[PDB]
Amino acid sequence: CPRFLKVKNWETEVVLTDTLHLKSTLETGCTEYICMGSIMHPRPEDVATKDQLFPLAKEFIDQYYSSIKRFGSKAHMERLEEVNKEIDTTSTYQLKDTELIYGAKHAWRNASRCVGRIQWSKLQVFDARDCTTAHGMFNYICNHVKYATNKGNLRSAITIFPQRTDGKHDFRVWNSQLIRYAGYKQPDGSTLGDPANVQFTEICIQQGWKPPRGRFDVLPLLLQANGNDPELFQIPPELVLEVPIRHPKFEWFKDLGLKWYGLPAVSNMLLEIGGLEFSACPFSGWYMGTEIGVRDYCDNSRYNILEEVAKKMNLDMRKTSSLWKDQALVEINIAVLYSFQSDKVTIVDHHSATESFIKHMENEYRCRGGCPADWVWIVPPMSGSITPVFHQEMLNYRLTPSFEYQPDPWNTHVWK
Amino acid sequence: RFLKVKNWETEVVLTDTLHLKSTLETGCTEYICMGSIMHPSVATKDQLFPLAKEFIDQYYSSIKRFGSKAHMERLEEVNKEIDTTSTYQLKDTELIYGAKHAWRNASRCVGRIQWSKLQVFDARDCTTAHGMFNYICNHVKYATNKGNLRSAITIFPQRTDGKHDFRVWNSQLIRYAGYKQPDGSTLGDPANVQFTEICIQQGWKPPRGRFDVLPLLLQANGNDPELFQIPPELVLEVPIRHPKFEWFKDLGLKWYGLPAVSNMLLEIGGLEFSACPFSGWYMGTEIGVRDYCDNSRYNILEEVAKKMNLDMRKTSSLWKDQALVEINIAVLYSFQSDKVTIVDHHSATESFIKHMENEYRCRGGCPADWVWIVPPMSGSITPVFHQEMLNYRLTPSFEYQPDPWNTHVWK
Ligand code: HEM
Ligand code: HEM
Ligand SMILES: Cc1cc(N)nc2cc(-c3ccc(OCc4cscn4)c(CN)c3)ccc12
Ligand SMILES: Cc1cc(N)nc2cc(-c3ccc(OCc4cscn4)c(CN)c3)ccc12
Ligand SMILES: C[C@H](O)[C@H](O)[C@H]1CNc2nc(N)[nH]c(=O)c2N1
Ligand SMILES: C[C@H](O)[C@H](O)[C@H]1CNc2nc(N)[nH]c(=O)c2N1
Ligand SMILES: [Zn+2]
């Protein structure tokens with residue numbers, strides 16, 4: 001592979017040079033003859049063998065000691081030797097608290113699909129590796145939610161549960177986010193609530209959840225400790241900050257009865273550090289407005305509110321060349337940003353966030369030699385070309401530590 | 001082998017086998033994806049014959065006569081010609097087939113549902129820039145068609161030794177001039193500021209207006225290029241007005257109806273056609289989002305948001321997004337009111353999804369570049385945003401080539 005790769009910004013003419021791609025360690029899915037850049041995702045007995053784990057751990061420990069400007073030091077060579085002995089005798093090893101915190105921050109720094117990474121070094125890391133039971137997981141998660149929410153002044157955080165051992169004792173959060181709304185398929189085929197969560201909602205109901213059967217019912221936590229069957233827990237509702245959606249001009253917008261929760265906290269991804277696998281690592285930030293106003297609300301397979309909003313706006317909905325959909329989409333996103341700001345709950349619009357990401361990307365190129373970025377995900381779902389990322393060439397590649405996808409747990413769990 | 005693509009709204013899964021027939025590179029590797037790089041980086045009788053054989057084979061396969069008498073004869077026929085001339089000449093049927101399939105294979109084009117409806121103008125007997133100008137005037141008149149636009153391509157002589165290239169120096173046949181001002185700013189279209197100065201430097205008397213149709217700069221057989229004014233009655237233009245905002249017309253905006261890209265290279269069976277202007281009709285966002293609202297283009301967002309009396313103090317009011325939607329309503333309304341062919345990004349992307357289904361059924365796939373297919377506004381309220389796509393390189397194809405003024409040795 002070539003040592004220097006150039007990326008260009010076609011609005012500003014700025015050219016940046018990437019060398020960090022040479023450090024990439026996992027596959028994009030593309031080949032020389034096909035590009036899979038728009039593919040969304042390109043056995044539990046299997047865990048890292050001794051021989052696979054050795055080079056992965058050395059790679060991360062070297063990177064850690066190089067970051068603290070102690071590469072090649074006595075403390076470096078001694079940590080290497082102690083890690084190697086642990087893998088030799090126990091087939092695995094344990095990270096130090098310093099290495100855990102470094103690894104989590106760098107998995108975020110390395111997340112090529114995240115536009116919010118200018119914040120990567122301000123991540124509060126909660127070490128939950130002493131947790132043993134689902135009740136304990138519930139406690140850790142409640143504390144995470146309360147800390148991150150901070151009465152509306154949201155703070156990015158991650159809680160890290162024990163790593164995988166033999167694969168038959170995994171910790172898992174079965175929820176895809178800590179806070180989401182239930183979805184209910186009706187006998188007539190319609191859906192009440194969030195259609196994205198119908199499957200998970202049905203699992204909660206089978207596990208014993210009594211559903212309120214409303215439009216915005218916070219789902220329970222479904223928590224798996226040490227490979228046991230998962231257990232249900234209700235998040236204390238006073239820990240769930242929510243925002244009623246209203247519009248600064250349209251008085252009728254409030255009459256739609258829309259709200260959303262303040263804290264986006266993804267809980268189904270796997271954190272890989274030094275070849276170790278943390279299958280339960282819920283992490284949270286704050287929202288970009290379009291995540292709610294465009295995707296959650298206006299996706300056809302989600303809440304799908306464009307039609308009702310266009311109606312109340314007295315729009316011509318017969319010919320799509322009136323752009324009645326586009327006009328309602330803007331008003332919805334104006335309303336989402338106005339409601340969050342009015343209630344003093346942290347949110348960022350897509351102009352500010354993409355402008356910050358460009359400044360972040362330029363800084364990473366200068367100090368780190370690159371910034372992996374997935375254009376298909378970084379460019380916002382509305383108004384793409386009037387944000388600066390649209391015109392920014394990006395290189396995508398996979399560095400470690402990383403956040404990864406993992407199969408859904410109900411597809412893989414062995415029921416006791 | 002077999003690759004699947006899912007649409008995440010409709011759950012439709014398609015299976016791609018067509019990609020197995022690519023042999024050119026994308027630029028990505030197993031470890032680095034260059035899917036958002038705009039341009040990821042003469043033949044010989046040795047290089048030229050396998051490419052000719054591949055194309056002849058696929059043509060005769062396409063017309064259900066593989067291995068037949070006519071197939072074997074053409075193969076041997078092309079053999080002798082490459083041997084004794086270092087090149088060869090396409091049959092008319094082959095030129096037409098190759099041009100339609102270069103369009104069919106253009107992964108970045110959302111308009112390909114129309115691919116087999118293309119008027120092919122054979123200009124391979126052209127020898128001079130006056131000849132080129134004649135052929136181009138006829139192209140414009142035919143394709144414009146009093147507003148009922150018709151897709152067309154005009155194909156000039158192929159490259160020979162690289163020293164005798166036919167080139168259209170304009171990037172499009174019809175574009176507006178760009179003038180760098182004394183006070184540092186720009187009048188007209190900033191995208192063409194450089195080309196506009198090369199035309200002034202070559203003798204063009206600029207009207208120094210906002211919407212000055214550029215002259216044609218035409219290079220035949222490697223000679224210096226020559227200026228030509230397209231006769232104005234051939235140049236169809238649309239004054240932009242808004243259906244609700246009666247003040248929009250006072251902005252003094254207009255655009256031309258005919259998008260005719262003239263700076264790309266057409267490759268067919270190892271032959272290179274360096275002058276091949278091709279045209280269709282506009283998708284509204286090409287004018288209303290990119291041409292008008294790019295910072296490096298006409299950049300009218302703030303002017304429009306002014307007359308809408310929007311609070312422009314904070315970005316979170318989405319004042320830019322509101323003004324952008326209204327501009328694009330005006331463009332669609334203006335073309336439709338003047339009965340000039342135009343397609344909105346909702347209709348265009350849904351046609352593309354239907355095109356994709358067709359190509360997967362009858363062809364085993366459809367190469368598609370998500371980064372270019374998704375429109376530059378309202379992305380996820382169009383169906384292509386939620387459609388997985390596979391991008392790969394099929395030939396015949398349209399390729400990029402250097403700007404002529406970076407390579408042409410004058411005299
Ligand atoms: C602090 C403010 C943050 C903002 C504004 C933000 C913004 C975003 C957005 C808009 C996306 C696209 C998600 C989608 O469209 O569904 C995303 C993806 C992602 N973010 Fe961030 N994020 C933030 C914090 C974080 C943190 C704290 C982490 C991890 C420690 C993180 C890791 C990720 C990852 C891994 C993805 C990719 C998810 C996937 O591939 O499915 N982000 N982020
Ligand atoms: C007939 C109606 C057509 C429509 C609505 C249409 C639409 C588009 C659009 C919106 C783009 C993206 C351009 C941009 O964003 O700057 C594009 C690209 C492209 N179109 Fe089409 N197109 C049409 C016809 C054609 C024809 C007739 C040809 C050739 C015979 C063609 C070949 C291409 C190519 C090669 C590209 C990619 C250009 C590049 O890579 O820079 N298109 N088209
Ligand atoms: C920390 C943070 C802040 C913030 N503002 N947004 C975030 C969004 C994600 C995110 C969003 C969509 C996702 O999956 C979509 C999907 C998968 S398959 C069909 N659709 C996932 C993966 N589970 C994560 C993750 C973290 C975020
Ligand atoms: C036939 C047709 C119809 C239609 N409606 N639109 C079209 C748009 C293009 C098109 C759009 C962008 C392009 O390059 C952007 C660039 C390169 S370097 C800095 N920017 C080119 C290549 N010159 C062509 C080509 C054909 C079209
Ligand atoms: C098909 C396509 O890959 C898919 O819709 C992607 C496109 N880009 C995205 N970008 C973001 N930020 N989030 C998404 O869920 C998606 N979905
Ligand atoms: C950096 C990025 O590749 C570049 O801005 C591309 C993105 N997508 C595009 N898509 C279209 N249709 N046209 C374009 O010019 C571009 N520009
Ligand atoms: Zn790729």
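Any value given below was found using the heavy atoms of this structure, including those in side chains, with hydrogens, waters and symmetry copies removed. Every chain is numbered from 1, with letters handed out A, B, ... down the list of sequences.
The candidate with the highest count of non-hydrogen atom pairs below 4.5 Å against chain A, out of B/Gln387, B/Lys6, B/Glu326, B/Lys4, is B/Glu326. Each of A/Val7, A/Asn333, A/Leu26 has some count of heavy-atom pairs under 4.5 Å with chain B, and the biggest count is that of A/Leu26. Of the listed residues (A/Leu306, A/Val294, A/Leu323, A/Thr290), the one with the most heavy-atom contacts under 4.5 Å to chain B is A/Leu323. Taking chain A as the reference chain and counting heavy-atom pairs below 4.5 Å, the highest number among B/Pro375, B/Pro376, B/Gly27, B/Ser41 is found for B/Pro376. Counting heavy-atom pairs under 4.5 Å between each of A/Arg398, A/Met40, A/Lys325 and chain B puts A/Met40 at the top. Between chain B and the options A/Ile39, A/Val379, A/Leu329, the largest number of non-hydrogen pairs under 4.5 Å is found for A/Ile39.
Residue A/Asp299 touches chain B through both its backbone and its side chain, counting heavy-atom pairs closer than 4.5 Å. Contacts between B/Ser317 and chain A at a heavy-atom distance below 4.5 Å involve the backbone alone (N, CA, C, O). Contacts of A/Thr25 with chain B are made by backbone atoms alone, with heavy-atom separations under 4.5 Å and no side-chain atom involved. Looking at A/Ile334, both its backbone and its side chain come within 4.5 Å of chain B, counting heavy atoms on both sides. Of the atoms belonging to A/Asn396, heavy atoms from both backbone and side chain fall under 4.5 Å from chain B. Neither the backbone nor the side chain of A/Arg302 has a heavy atom closer than 4.5 Å to any heavy atom of chain B.
The NE2 atom of B/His19 sits 5.0 Å away from atom CD1 of A/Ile34, with the distance rounded to the nearest 0.5 Å. Atoms CD and CD, on B/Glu30 and A/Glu27 in that order, are 6.5 Å from each other to the nearest 0.5 Å.
Within residues 377-385 of chain B, the residues having any heavy atom closer than 4.5 Å to a heavy atom of chain A are B/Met377, B/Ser378, B/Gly379, B/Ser380, B/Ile381, B/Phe385, listed by residue number. Contacts from residues 330-343 of chain B to chain A, taken as heavy-atom pairs separated by less than 4.5 Å, involve B/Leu332, B/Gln336 in sequence order.
Across all their heavy atoms, B/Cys33 and A/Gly37 have their closest contact at SG-CA, 4.2 Å. Residues A/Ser301 and B/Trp8 share a closest heavy-atom pair of OG-O, 4.5 Å. Nearest heavy-atom pair, A/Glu393 versus B/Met38, reported as atom, atom and distance to 0.1 Å: OE2-N, 2.8 Å. Scanning both residues, A/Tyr33 and B/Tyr392, for their nearest heavy atoms gives O-CB, 3.4 Å.
Within 6.0 Å of atom CZ in B/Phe2, 12 or fewer heavy atoms from other residues, nucleotides or ligands are found, so the atom counts as exposed in its surroundings.
At a cut-off of 3.5 Å, with distance as the only test, a side-chain donor of B/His345 or A/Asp326 sits close to an acceptor on the other residue. Donor-acceptor pairing under 3.5 Å is lacking for the side chains of B/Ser347 and A/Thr320.
Contact of the B/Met34 side chain with the A/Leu395 side chain is registered, since non-hydrogen atoms from C-beta on lie closer than 4.5 Å.
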